Amino acid sequence: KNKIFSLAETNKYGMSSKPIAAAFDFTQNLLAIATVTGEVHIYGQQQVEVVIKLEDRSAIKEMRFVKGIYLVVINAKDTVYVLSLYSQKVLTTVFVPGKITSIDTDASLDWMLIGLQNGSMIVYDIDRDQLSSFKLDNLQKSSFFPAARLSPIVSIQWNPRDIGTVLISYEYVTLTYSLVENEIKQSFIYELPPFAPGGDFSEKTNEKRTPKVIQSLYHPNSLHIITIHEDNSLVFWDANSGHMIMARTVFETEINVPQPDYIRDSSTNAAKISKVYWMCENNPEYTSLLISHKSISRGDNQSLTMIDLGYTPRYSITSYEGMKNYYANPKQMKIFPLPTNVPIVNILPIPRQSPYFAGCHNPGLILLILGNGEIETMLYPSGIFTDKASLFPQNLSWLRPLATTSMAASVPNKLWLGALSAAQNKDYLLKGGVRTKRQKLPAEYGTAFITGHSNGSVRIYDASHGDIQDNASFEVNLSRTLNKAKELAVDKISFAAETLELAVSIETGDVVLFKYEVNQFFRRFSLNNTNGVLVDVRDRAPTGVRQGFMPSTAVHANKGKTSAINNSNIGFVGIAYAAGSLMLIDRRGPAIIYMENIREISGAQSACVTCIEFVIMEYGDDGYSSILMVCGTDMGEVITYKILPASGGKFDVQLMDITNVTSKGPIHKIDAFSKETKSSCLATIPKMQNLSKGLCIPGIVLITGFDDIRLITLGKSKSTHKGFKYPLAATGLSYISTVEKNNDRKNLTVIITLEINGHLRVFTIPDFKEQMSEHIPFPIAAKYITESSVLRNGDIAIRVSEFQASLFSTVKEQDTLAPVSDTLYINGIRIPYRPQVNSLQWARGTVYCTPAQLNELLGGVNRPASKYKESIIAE
Ligand code: NA
Ligand SMILES: [Zn+2]
């Protein structure tokens, strides 16, 4: 009933599925990340983010930004899509005649080279949506190995300084090809004589070998090239003479020389090479190689290796031996240990100097997408990994690193907005696009989101995209507060919205308290230093932050993991431990005012308290309101405590009673409302101050069990209950206002419920008359569904999966403005001049070719004008 309620999704957070591939455009300075189900997220400065969903739900293999206005996306079905960063829609879909095994594009060119399984190479005109007549047959079969198996094209790359030359690798031969002269310029075939050790994974060292090629790359100067093979061999060649300069691996050289008495001196089990990147610094004369390794076993066997080659000797005055010396004695080699044992699925360097040199021009950061969906960021060349949420839009923080817990709360905008105004994100990395202003009409309450991570970090921000809320956020790190590096996974979180206080529990059982406030402005700190349970960590506050969530106390009970926590809005914090202990702390102090193991009080077989809540209402029938701490146990028991203002501003704790309320344990949600006004009875400072008035407010407490809800009156026996067909995921009370008369404001208190399978319901209380019944529109993960939070205005924040959350509204009538999108493409940004062959490095030998001339070669003299408005715009 009630035309008042209607289910609608208001917002999405994180990603609807696992990230699988990424790309970056230097010119527009935008980051694109694609998922396993065909969605493409494009990010820019601050919170700029646009999502484009492909018709096909197939996974994305590769993406490239071209001409600064197009995004080329290729899915698993070898279907090529071309997206417009100008109109934010798909411009064309193309099915490729064959299996795509390699490609290459260039930010300044309209052409994409495509290698196929059959070893052929075709060229596609991205700008005019047409295939070129230019096609290459399998050169390996026709010119080098006719009797060999039909080889596919393993890799293709545009010559860094000459758009008219391309580097092509087949399995057993690599070669440079001139599109202008239409002929093979040079070839390179890596052969090992008998007794040559070869790469770490080389087999039958006794015979002659031609180890398959897995990748080919041009040296930034374009005069040398490297070929990497299956045995892990790294071979450097002079691109013009074809002379093989030197063959080596990460640990040795002269691997091409026969050594019948060779013995592998390695205390490190080899890791097969996955991919290689040739980087260069601001000044192209300095370069380095970044190498990734496919794991063996399954334990952190995925580290990155960097070989800094330093200054490249001048080509014209360096002998082959000089060059061999250059490659044999790197300026430096360092291994970058990956924080995780999870396999890397995609590596993307983030260029800082220009879009050239295959997008590796002075990258100060490397983006990594892991098989589990986590996204890592490693500073280059330092190798320092960072999880600073502030570096990218907040929606990406759900991935860096994955959230282990989360919640949402209705917070009063009064002080909330003041805190956000002073917390704008001023140090994000991306610069592209413009965030479209989406001003949200004022409200007394806003929505705060809070996430915990395996990292030990906790992110805090507003779920809205308003002027002040959109780009504001806070991040607190327990690794600092605790001077710890392992065992930091956030287990539970409690956020007191009225006093902006925070309680964080970690996997060890320790709990740290924080509070939004002004800040005070050793390396030996350890919780085990003192014998006290309350450890002062006030001085462990973040250095340069004038204000924010500052730490105060660390709770070191040494009582195991927590079973429940609740930072009240009245200075008290309740903490329960799986082992049975129950603790009550008064922030005024701070001090522990109560601590007993509830197992010695249970009438049932209660092992621990599974839920804690603070209320101010009449206990039983004593005629006045009291401060009551209500606790639900894993066995359906409810324990009620009275918190009484005592002498010297302290408080006494009095156990009122323990009652076995339901066989549907455990109790995981507690709430309350007044019997007459049906307004919230959760404890608040103003309510606490009113105690001196001696008012009496009888109320009803809601006890949420496994699959049943109990309505009870504290201190009384009578009650009611409502059972559900499916287990309950989350419940909560909502307070709504409905106009109807002439300007009459009639409020309504409803309870909203979410079952673990995704079904959502709204009921009026205490009669429990259903007002709405609908299922969430998509599959939801049982694992995270229980983190969901019902909000004060009828909204509900739901965690759908490991990387996704959605905000839903249940109240139909709402002040909704038509959806709007951010701007991605910015006009007038000039794409720099591509590097050219240094007449100073290799004078002559090259054949200058302008893009105009390349366009004629590949497109023909009568190349049509494109049908895209984007073609002319991009000039
Ligand atoms: Na926001
Ligand atoms: Zn349903």
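Numbers in chain A track Swiss-Prot; the residues on display, in order, are 62-582, 598-951.
So this one's X-ray crystallography, 2.4 Å, going by the header.
Including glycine, each Cβ sits where the backbone N, Cα and C put it.
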Listed residues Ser451, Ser602, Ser915, with the one flagged phosphoserine by Swiss-Prot: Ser602
Residues of the parent chain within Cβ reach of the repeat 'WD 5' (274-309), under 8 Å, 6 or more residues beyond its termini: 215-216, 218, 220-223, 228-235, 237, 247-249, 251, 259-264, 315-317, 331, 333-334, 336-339, 341, 345-346, 348, 350, 373, 376, 381, 384-385, 388-389, 418-419, 913-914, 917-918, 921
Proximity verdict for the repeat 'WD 7' (405-440) and the repeat 'WD 11' (685-736), three or more C-beta pairs under 8 Å: no
Gap-flanking C-alpha distance, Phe582-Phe598 [15 residues absent from model], angstrom: 16
Secondary structure content of the repeat 'WD 12' (745-799), with strand meaning DSSP E or B: 9 helix, 25 strand, 21 coil
Which of 81-114, 161-197, 216-249, 638-673, 865-888 contacts the repeat 'WD 12' (745-799) most, counting Cβ pairs under 8 Å: 638-673
Non-local residues, at least 6 beyond the ends, that sit with Cβ under 8 Å of the repeat 'WD 3' (161-197): 86-88, 122-123, 125-129, 131, 133, 135, 139, 141, 143, 152-153, 155, 211-219, 224, 227, 229, 231, 238, 240, 416-417, 420, 907, 910, 927, 930-931, 933-936, 939-944, 947
The repeat 'WD 1' (81-114): DSSP-derived helix, strand, coil residue counts: 0 helix, 22 strand, 12 coil
Beyond the flanks of the repeat 'WD 10' (638-673) by 6 or more, those residues with Cβ under 8 Å of it: 552-560, 562-564, 566, 570, 572, 574, 576, 609-610, 628-629, 631, 683-690, 703, 705, 707, 710, 717, 719, 725-729, 758-761, 764
